[PDB]
*Asks:* 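Next up is a structure, given as C-alpha cells.
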4 protein chains.
Amino acid sequence: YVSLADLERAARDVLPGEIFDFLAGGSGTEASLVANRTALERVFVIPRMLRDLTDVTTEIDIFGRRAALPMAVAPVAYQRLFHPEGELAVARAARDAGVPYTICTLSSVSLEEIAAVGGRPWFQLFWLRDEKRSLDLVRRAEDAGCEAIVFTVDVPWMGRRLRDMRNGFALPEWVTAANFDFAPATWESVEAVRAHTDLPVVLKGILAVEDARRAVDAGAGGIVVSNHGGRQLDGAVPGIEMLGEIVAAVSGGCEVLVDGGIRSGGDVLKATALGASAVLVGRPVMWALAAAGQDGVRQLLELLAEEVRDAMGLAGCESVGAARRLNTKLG
Amino acid sequence: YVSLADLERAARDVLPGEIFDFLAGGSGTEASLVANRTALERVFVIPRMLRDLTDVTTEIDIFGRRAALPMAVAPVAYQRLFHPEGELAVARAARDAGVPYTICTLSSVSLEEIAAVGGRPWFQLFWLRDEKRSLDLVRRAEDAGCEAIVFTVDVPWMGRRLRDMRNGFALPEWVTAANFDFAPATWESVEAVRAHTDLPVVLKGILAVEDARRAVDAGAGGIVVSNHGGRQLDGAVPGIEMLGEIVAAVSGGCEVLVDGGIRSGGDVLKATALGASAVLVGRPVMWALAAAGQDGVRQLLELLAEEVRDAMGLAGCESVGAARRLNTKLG
Amino acid sequence: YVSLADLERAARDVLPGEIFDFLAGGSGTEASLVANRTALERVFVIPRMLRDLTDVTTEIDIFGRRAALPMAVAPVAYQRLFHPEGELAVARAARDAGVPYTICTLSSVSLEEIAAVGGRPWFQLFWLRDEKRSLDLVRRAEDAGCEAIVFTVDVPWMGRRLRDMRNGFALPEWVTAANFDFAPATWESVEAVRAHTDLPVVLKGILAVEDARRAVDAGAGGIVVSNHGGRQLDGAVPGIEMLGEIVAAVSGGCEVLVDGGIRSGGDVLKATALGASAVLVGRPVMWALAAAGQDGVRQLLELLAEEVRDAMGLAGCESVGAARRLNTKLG
Amino acid sequence: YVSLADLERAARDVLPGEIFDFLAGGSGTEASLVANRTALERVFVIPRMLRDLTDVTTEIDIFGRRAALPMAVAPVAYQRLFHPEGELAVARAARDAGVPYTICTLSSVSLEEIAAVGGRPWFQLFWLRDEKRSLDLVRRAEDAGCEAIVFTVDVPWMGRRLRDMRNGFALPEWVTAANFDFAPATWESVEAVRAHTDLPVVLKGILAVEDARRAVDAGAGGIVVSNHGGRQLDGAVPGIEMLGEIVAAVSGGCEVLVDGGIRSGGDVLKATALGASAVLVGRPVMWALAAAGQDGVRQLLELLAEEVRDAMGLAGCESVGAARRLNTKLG
Ligand SMILES: Cc1cc2nc3c(=O)[nH]c(=O)nc-3n(C[C@H](O)[C@H](O)[C@H](O)COP(=O)(O)O)c2cc1C
Ligand SMILES: Cc1cc2nc3c(=O)[nH]c(=O)nc-3n(C[C@H](O)[C@H](O)[C@H](O)COP(=O)(O)O)c2cc1C
Ligand SMILES: Cc1cc2nc3c(=O)[nH]c(=O)nc-3n(C[C@H](O)[C@H](O)[C@H](O)COP(=O)(O)O)c2cc1C
Ligand SMILES: Cc1cc2nc3c(=O)[nH]c(=O)nc-3n(C[C@H](O)[C@H](O)[C@H](O)COP(=O)(O)O)c2cc1C
Ligand SMILES: O=C(O)[C@@H](O)Cc1ccccc1
Ligand SMILES: O=C(O)[C@@H](O)Cc1ccccc1
Ligand SMILES: O=C(O)[C@@H](O)Cc1ccccc1
Ligand SMILES: O=C(O)[C@@H](O)Cc1ccccc1
Ligand SMILES: O=C(O)[C@@H](O)Cc1ccccc1
Ligand SMILES: O=C(O)[C@@H](O)Cc1ccccc1
Ligand SMILES: O=C(O)[C@@H](O)Cc1ccccc1
Ligand SMILES: O=C(O)[C@@H](O)Cc1ccccc1
C-alpha cells in the first residue's frame with residue numbers, strides 16, 4: 001500500500017456491499033460528503049525553503065499527552081462490522097503508532113476492554129435519554145483511563161442515510177452495543193459533563209464561529225470542526241471551510257481539531273496550515289481494518305506517519321507549530 | 001419513495017414523452033433551468049448545535065393563516081395533463097398536508113371546484129386582454145374563498161420552449177381552460193387588482209431589487225423571487241441568487257418567497273437561511289401526481305415535511321424564524 | 001430552424017471538412033475561441049417586470065442610419081467558400097432584414113458589386129503594404145456608398161490556425177480576392193484613414209481599456225471589442241469580459257460594439273446589458289449561408305430578430321437603450 | 001510538429017512505459033502537476049494594438065548574456081534515459097537556438113563534456129553531504145565556463161513519486177551520475193555558495209514571498225518561482241500563481257523566472273505578462289529529445305521561437321520588456 005486509496009479498493013472487495021455502503025455513505029444527496037474532498041482539493045500550501053530540518057518531528061502535545069502525529073482515530077461505531085477483532089485491532093495499532101484512539105459509545109467491544117489495550121484512549125459520548133446514565137458512561141470511561149471526553153454535539157438525531165434505507169441495512173445479530181445491556185444534547189448537557197469530570201471535554205461537530213466561541217466560554221478543552229463526514233445535515237459546510245475563521249475566533253482558548261476527508265499526509269499538512277491542532281481520520285482507518293485487521297491499520301498509520309513527515313519537511317517545517325504558520329492559497 | 005428523485009423516474013415512465021417534456025423543459029438553451037439547481041448546490045448551511053429542540057415546529061403564519069411547512073404548491077397550468085384527477089388530486093393532498101395550493105388561471109378544473117376541496121387555496125392570475133375580465137377572475141377567486149392573489153408578473157408573453165416546438169406539442173382535446181368559455185401586465189394592472197380585493201396580492205416573478213422595493217411601495221403583501229422555473233427569459237438569474245439582496249432591501253415590508261429547483265427539505269432550509277419566508281414547489285408535485293395521483297402527492301408532501309423537520313433540527317432550529325437566522329457559505 | 005445550432009449541423013453536413021474547419025477554427029489551442037462562449041454563459045440578466053411593452057422596438061441608430069436590430073454581419077473573408085453566391089447572398093438577406101453588412105477587403109465578390117445590392121453596407125479594411133493603396137480601397141468603398149470603415153486593428157499578421165495547417169488548407173482556385181488584380185497597422189495608419197474619409201472609422205479588435213480611450217482620442221466613431229473570434233492571439237481575453245470596463249472608460253465618446261460567440265437573441269441581450277451599442281455576428285451567418293444560401297441567411301436573421309424582441313420584452317425593455325440599463329450577475 | 005503536443009505522443013510511442021512515467025509523473029496524487037496547467041489556462045492576456053512592430057525582438061539579457069528567447073532549458077536529471085546522446089544532444093540544440101542550457105548535478109554525461117559543447121551553459125546544484133564537495137562541484141562548473149549556478153532549494157529530499165514506486169522504477173545499469181565516482185540545503189548553504197563563486201546564484205524552487213525577499217537579501221542574482229513540476233510537495237501552489245506577488249515584492253532586486261507547464265509561446269507570453277524575466281521548460285524538451293534526438297530539440301526550440309514572436313506581436317509587444325507591461329485577466 002503506497003496510498004490510502006489502495007486500501008479503499010481492498011476493503012470494497014472484502015466487505016459485503018451493504019456494509020461498505022454503511023461505511024462510505026452520507027446523508028441526503030451526499031453533497032456534504034463530496035464537499036469535504038472538494039474543499040481539501042482547493043487548498044494549496046505555500047511551502048518554505050532552506051530551513052533547518054535536522055530534527056523534524058511530527059509529535060504534538062494534546063490534552064496532556066504526547067502524540068506521535070497530529071492525528072487521532074475518529075469515533076466510528078460498531079467496528080466489528082468491518083473485522084472480527086473490531087475495536088481491539090484498531091486500538092492496538094493506534095497504541096503501537098502512538099496515535100490516540102477514540103472509543104465509541106456504540107462500540108461493539110466494551111469500553112473497558114478497549115481501554116485495557118493501553119495507548120491514549122479517548123472516549124466519545126452520545127447523550128442518553130437521562131443525565132445520570134450519560135454521566136455513568138463518562139465515569140466508566142474516566143475510571144478506565146480515557147484521557148478526554150469527545151462529546152458528539154451534531155447528532156440530536158441521526159441523518160437520513162439513503163444508501164442504508166435503499167439497502168434495508170440493519171445491524172447483524174452478531175454485532176451489539178457492548179457498552180449497554182438517546183436524546184438531543186444542549187449546552188446544559190455540556191455543563192453537566194464538564195462539572196462531573198476532570199478530563200478535557202472536546203465538542204465534536206462545531207461549524208459556526210459563535211458555537212466555537214461559546215464552546216470556549218463553556219469550558220471545553222477542544223472542539224472538532226466537522227460536518228460528521230457528511231452523514232448528518234446534507235448541505236452542511238465542510239469543516240475545513242470554517243476552520244481558519246474558527247481558529248482566529250478562539251484565539252488560543254482551546255485545541256481546534258478538524259475532520260472530514262483527510263486521506264494523506266499532504267491533507268494533514270493542509271489542515272495544519274489552516275490552523276488545526278490535529279485531525280481526526282475515520283473511513284480510511286476502517287478500510288485498513290477491513291482489508292487487513294490490526295496489521296492493516298498499523299500499515300495505514302505508518303504510511304500516514306511517513307507522508308506527514310515528508311510533507312512537513314518539503315514545506316520547510318521542522319515541527320507541527322511551524323506547519324501551522326504556513327500560508328495557503330485557494331485554487 | 002425516499003427522495004423526490006425516485007418520483008421523477010416514475011413520472012418519466014408513465015407520461016407520454018411530449019408531456020414529460022412540457023413539464024421538464026425551459027426556454028432557450030435551458031440555461032436558467034439548469035442554473036436554478038446549480039445555484040442551490042453552491043449554497044452550504046452553517047448549522048448551529050446544542051439548542052433546545054424539544055418542540056421543533058415547521059409551521060409558519062403567512063397571508064393570515066397557519067401553514068404546516070414553509071412551502072406552497074406553485075401554480076402549474078393544466079394539471080389534467082399529468083393525471084385524470086388533475087388539480088383536484090393535488091389540492092386534496094395539499095389540504096390534507098396543511099400546505100397552501102395555488103389554483104391557476106389556466107386550471108383544467110374550474111377554480112370554484114378546486115376551492116370547494118377546502119384547505120388554503122391561493123389563486124394565480126394571468127392578466128387578460130381586459131381590465132374587467134381580469135378583475136372578474138379575481139372576484140370569482142375571492143368569492144370562492146381563496147386567501148391570496150398570486151399575480152404572475154414575468155409573463156408579458158410566453159417564453160420560447162424549444163422542446164415543445166420540436167415535439168409540435170399542443171394541448172390534447174381532452175384538457176381545457178376550465179375557468180373560461182391575454183396581455184402584458186404593468187404596475188397600473190397591479191394597482192387595479194390591489195384596489196379591487198381585500199386579499200393580499202403577491203407578485204410572482206420578481207428578480208430585480210428595485211422591482212422588489214416597488215412591489216412593497218405598490219402595496220403587495222408578498223413577492224415570489226423567481227425566474228419562472230427557467231421557462232421565461234433564458235439567461236434570467238436564478239431567484240435564489242437574488243434572494244438575500246431582495247430580503248435586505250424590503251426590510252420586512254412584505255413576505256418574500258422563492259422558487260426554482262427546490263427538491264428537498266435541505267433545499268427548503270437553504271432558501272430559509274437566505275431569508276425566504278416560504279418556498280414554492282412546482283415540478284416535483286407534478287411528478288408525484290403523474291406517478292400516483294392524490295396518494296402520490298400526499299407521499300411527496302409527507303417526505304418533504306419529514307426532510308424539512310430533519311434539516312431544521314440538524315441545523316439547531318426549533319422554528320422557521322430560527323432557520324432564517326442561519327448563516328451560509330458559498331462552495 | 002428554431003435555434004442557430006440547427007444551422008451549424010446542416011452546414012457541417014454540406015461543407016467539405018477542411019472548409020468547415022477553416023470556418024469553425026481558432027488559433028493555437030482554441031482557448032480564446034472556447035472562452036468567448038464560456039464568458040457569455042457565465043452572464044445572467046436581471047430582468048425588469050411590469051413596464052410598458054406596447055411599442056417594443058429593436059431598432060437602433062448607428063453611424064448615421066437606422067438599423068432594424070442592434071446587430072451587424074461581421075466581416076468574414078471569402079464567402080464563396082461557403083456558397084456559390086457568396087457575399088451577394090449574405091448582403092441581400094442583410095439588406096432585406098435591415099441589418100448592416102460588412103464588406104471585406106478579402107471579399108470573393110468585388111466591393112462595388114456587393115454595395116450595388118443596396119442596404120447599409122460597411123467596409124472592413126486590412127492595412128496594405130502601402131498607405132496609397134490602403135487609402136484607394138477606402139475611397140472605393142466610400143464612392144460605392146459604404147457608410148463606415150471597419151478598420152481591423154488586431155491583425156498585424158495572421159494567427160497560427162492549427163486546423164488549417166493540419167488540413168493543409170488553401171484557397172481553392174475558384175475563390176479569389178475580387179477587390180485586387182499587407183502590413184501591420186499603427187495609430188499613424190488610423191490617422192491616415194481618418195484624414196481621408198468623412199465616414200466614421202470603427203476600430204475592430206480593441207481589448208485594452210487604454211486602447212479604447214486612445215481610439216476615442218484618435219477620432220474613431222466606434223470600436224469593436226473583440227478577440228477576432230479566437231483566431232488571433234490564443235489566450236486573448238474575450239471581448240465580452242472587457243466590455244463593461246471599456247464602456248465605462250469611453251463614457252459615451254464612441255459606439256462600442258462587441259463580438260465573439262453571439263448565438264442567440266438572449267446573447268444579444270447580455271451584450272446590450274453589459275453596455276454594447278450593437279453586436280457583430282460571424283460564424284452563424286456563414287452556417288446559414290452554407291446550409292441554404294440567401295434564404296438560409298434570411299431565416300437566421302428573422303430568427304434572431306424574433307429572439308431579440310422576445311428577450312427584450314421578457315426583460316422589461318421597450319427599447320435597446322432600456323436593455324443597456326439592465327443589470328447583470330455572474331454565475 | 002506544429003504544437004508541443006505532437007511531440008508528447010511521439011515520445012510516448014518510443015519510450016519504455018516506466019521511463020515515460022518517470023518523466024511525466026508527479027508526487028502524491030499529482031495535484032500540483034495538474035494545477036500547473038490549470039493555472040496557466042485560467043490566465044488571459046489583454047493585448048495591445050497598433051504599436052510599432054517593425055523590429056520585434058524576443059531577445060533578453062540575463063546573467064550577463066544575451067539569450068535568443070526569454071527561456072532556458074530546465075534541469076532534468078539523467079537525460080540518457082530518453083536518448084543515447086542525452087545531454088549532449090539537448091545542449092547542442094540549445095546552443096544553436098541561442099537558449100541557455102542548465103547542466104544537472106545528476107547529468108548522465110559529465111558537466112565538462114556538456115559545457116565543451118559551447119552555448120550558454122548554466123549549472124544546477126544539489127547540495128551534497130558535505131560543504132567541500134558541494135563547493136567542488138561549483139568550482140568545476142565555473143572552471144568549465146558555466147555562467148550561473150542554479151541552486152535547487154526545494155529538495156531537502158525527494159518527493160514520493162507513486163508512478164515510480166508502482167512501476168518499481170530504477171535507473172538502468174547503462175545510465176550513471178557522470179559527475180561522480182546529499183543533504184538538505186539551508187540559507188547557510190546559499191551563503192557558502194555565494195561566497196565561493198563570482199557567478200550569479202539563482203535559487204530554484206521559491207514559492208513564498210518572504211523567501212523571495214530573503215533570496216534577494218542573501219545576494220541571489222535570481223530565483224525560479226517553481227513547485228518543481230509537481231514532483232516535490234504534492235499540494236504546493238503553482239509558481240505561476242505566486243509570480244505576480246513575488247515580482248512586486250522583489251521590486252527589481254533579482255531576475256524572477258518561473259516554470260511549470262510552459263507548453264507554448266502563448267504560455268511564455270502569459271508568464272512574461274505576469275512579470276517573469278524568463279521561463280524554464282522541462283518535460284517538452286525531453287519529449288523532443290526522446291522523439292528525434294538533437295534535431296527533435298532543435299525543431300521544438302524553433303517552434304517555440306516562432307510561437308513566442310507570434311504571440312508577442314499579436315499582443316502589440318516589440319520587446320520582452322513591453323510584454324512584461326501587458327495586463328491580464330483571470331477566466
Ligand atoms: C461508519 C461511521 C460511523 C461513525 N460513527 C460515529 C460515532 O459513533 N460518533 C461520532 O461522533 N462520529 C461518528 N462518525 C463520524 C466520524 O467520527 C468522522 O467525523 C467522520 O467519519 C470523519 O470523516 P472521515 O471518515 O472522512 O475521515 C462515524 C463515521 C462513519 C463513517
Ligand atoms: C408545466 C408548468 C406550468 C406552469 N404554469 C404556470 C402558470 O400557469 N403560472 C405561473 O405563474 N407559473 C407557472 N409555472 C411556473 C411555476 O409556478 C414555478 O415558478 C416553477 O415551476 C418553479 O419551479 P420548480 O418547478 O423548479 O419547483 C409553471 C411551471 C411548469 C413546469
Ligand atoms: C472564416 C472567418 C473569416 C474572417 N475574416 C475576417 C476578416 O477578413 N476581417 C476581420 O476583421 N475579421 C474577420 N473575421 C472575424 C469576424 O469578423 C468576427 O470577429 C469573429 O468571427 C466574431 O465572432 P463569431 O464568429 O463568433 O460571431 C473572420 C472570422 C471567421 C470565422
Ligand atoms: C524527469 C525530471 C527530472 C528532473 N530533474 C531535476 C533536477 O535534477 N534538478 C532540478 O532542480 N529540477 C529537476 N526537475 C524539475 C525541472 O527543472 C522543472 O522544474 C520542472 O520539470 C518544470 O516543469 P515542466 O517540466 O513542466 O516544464 C526535473 C523534472 C523532471 C520531469
Ligand atoms: O455517523 C454516525 O455517527 C452514525 O452513522 C453512527 C451510527 C451508526 C449505526 C447506528 C447508530 C449510529
Ligand atoms: O472563507 C474562507 O476563508 C474559507 O471558507 C475558504 C476555504 C475554502 C475551501 C477550503 C478551505 C478554505
Ligand atoms: O411556464 C408557464 O407559465 C407556462 O408554461 C404555462 C402555460 C402552459 C401551457 C399553455 C399556456 C401557459
Ligand atoms: O451575490 C450574492 O450575494 C448571491 O448572488 C450569491 C449566491 C450565489 C449562488 C446561490 C445563492 C447566493
Ligand atoms: O480570421 C481572419 O481574419 C482570417 O481568417 C481571414 C482570412 C482568411 C483567409 C485568408 C486570409 C485572411
Ligand atoms: O471583470 C469584470 O467586470 C468582467 O470581466 C466580468 C465578466 C466575466 C465574464 C463575462 C462578462 C463579464
Ligand atoms: O524531480 C527531480 O528533481 C528528480 O526527479 C530528479 C531525480 C531523478 C532521479 C533520481 C534522482 C533525482
Ligand atoms: O492571487 C493572485 O493574484 C494570483 O494567485 C492569481 C492567479 C491565479 C491563477 C494563475 C495566475 C494568477
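Within every chain, numbering begins at 1; the chains are lettered A, B, ... in the order of the sequence lines, protein sequences first and strands thereafter. Below, each value reflects all heavy atoms present in this structure, side chains not excepted, and no hydrogens, waters or symmetry copies.
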*Asks:* Give, as side chain, backbone, both or neither, the part of B/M242 having an atom under 4.5 angstrom from any heavy atom of chain C.
*Replies:*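 Side chain of B/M242 only, per the 4.5 Å heavy-atom cut-off to chain C.
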*Asks:* With sequence neighbours left out, what residues match B/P172 under side chain to side chain contact (heavy atoms under 4.5 Å, CB included)?
*Replies:*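 Side chain to side chain contact (heavy atoms under 4.5 Å, CB included) check on B/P172 returns B/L81, B/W174, B/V175.
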*Asks:* What residue, out of B/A183, B/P184, B/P156, has the most heavy-atom pairs lying under 4.5 Å from chain C?
*Replies:*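 Option with the greatest count: B/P156.
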*Asks:* Tell me every residue that passes ring-ring contact (aromatic ring centres under 6.0 Å, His included) with B/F169, counting only those two or more places apart in sequence or in another chain.
*Replies:*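 Partners of B/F169 by the ring-ring contact (aromatic ring centres under 6.0 Å, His included) criterion, ordered by chain and then number, come out as B/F22.
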*Asks:* Extract the chain B to chain C donor-acceptor pairs under 3.5 Å, no hydrogen or angle test applied.
*Replies:*
residue: B/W157; atom: NE1; partner: C/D310; partner atom: OD1; Å: 3.0
residue: B/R160; atom: NH1; partner: C/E306; partner atom: OE2; Å: 2.6
residue: B/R160; atom: NH2; partner: C/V2; partner atom: O; Å: 3.3
residue: B/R166; atom: NH1; partner: C/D6; partner atom: OD1; Å: 3.2
residue: B/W187; atom: N; partner: C/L50; partner atom: O; Å: 3.2
residue: B/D211; atom: OD1; partner: C/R48; partner atom: NE; Å: 3.1
residue: B/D211; atom: OD1; partner: C/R48; partner atom: NH2; Å: 2.9
residue: B/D211; atom: OD2; partner: C/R48; partner atom: NE; Å: 3.4
residue: B/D211; atom: OD2; partner: C/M49; partner atom: N; Å: 2.9
residue: B/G235; atom: O; partner: C/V45; partner atom: N; Å: 2.8
residue: B/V237; atom: N; partner: C/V45; partner atom: O; Å: 3.0

*Asks:* Does a side-chain heavy-atom distance below 4.5 Å link B/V237 with C/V45?
*Replies:*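 B/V237 vs C/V45: side chains apart.
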*Asks:* Checking B/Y78 now: which residues fulfil ring-ring contact (aromatic ring centres under 6.0 Å, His included) with it, not counting sequence neighbours?
*Replies:*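 None.
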*Asks:* How close do B/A31 and C/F44 get, heavy atom to heavy atom, and via which atoms?
*Replies:*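 Shortest heavy-atom contact: O-CE2, 4.3 Å.
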*Asks:* Under a 4.5 Å heavy-atom cut-off, does chain B meet the side chain of C/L269, its backbone, both or neither?
*Replies:*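 Side chain of C/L269 only, per the 4.5 Å heavy-atom cut-off to chain B.
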*Asks:* Grab the two heavy atoms, one from B/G159 and one from C/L314, that are nearest each other, plus how far apart they are.
*Replies:*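 Here B/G159 and C/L314 meet closest at CA-CD1, 4.3 Å.
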*Asks:* Give me the atom names and distance for the closest heavy-atom approach of B/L207 to C/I46.
*Replies:*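 Nearest heavy atoms, B/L207 then C/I46: O-CG2, 3.7 Å.
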*Asks:* Using non-hydrogen atoms only, which part of B/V155 is less than 4.5 Å away from chain C: side chain, backbone, both, or neither?
*Replies:*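 No part of B/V155 comes within 4.5 Å of chain C.
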*Asks:* Quick check on the interface: out of C/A5, C/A311, C/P47, who has the most heavy-atom pairs with chain B under 4.5 Å?
*Replies:*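 Highest number of heavy-atom pairs under 4.5 Å: C/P47.
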*Asks:* Checking B/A185 against chain C: side chain, backbone, both or neither under 4.5 Å from a heavy atom?
*Replies:*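 The answer is both parts of B/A185.
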*Asks:* Report which part of B/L162 has an atom under 4.5 Å of a heavy atom belonging to chain C: side chain, backbone, both, or neither.
*Replies:*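 Just its side chain gets close to chain C.
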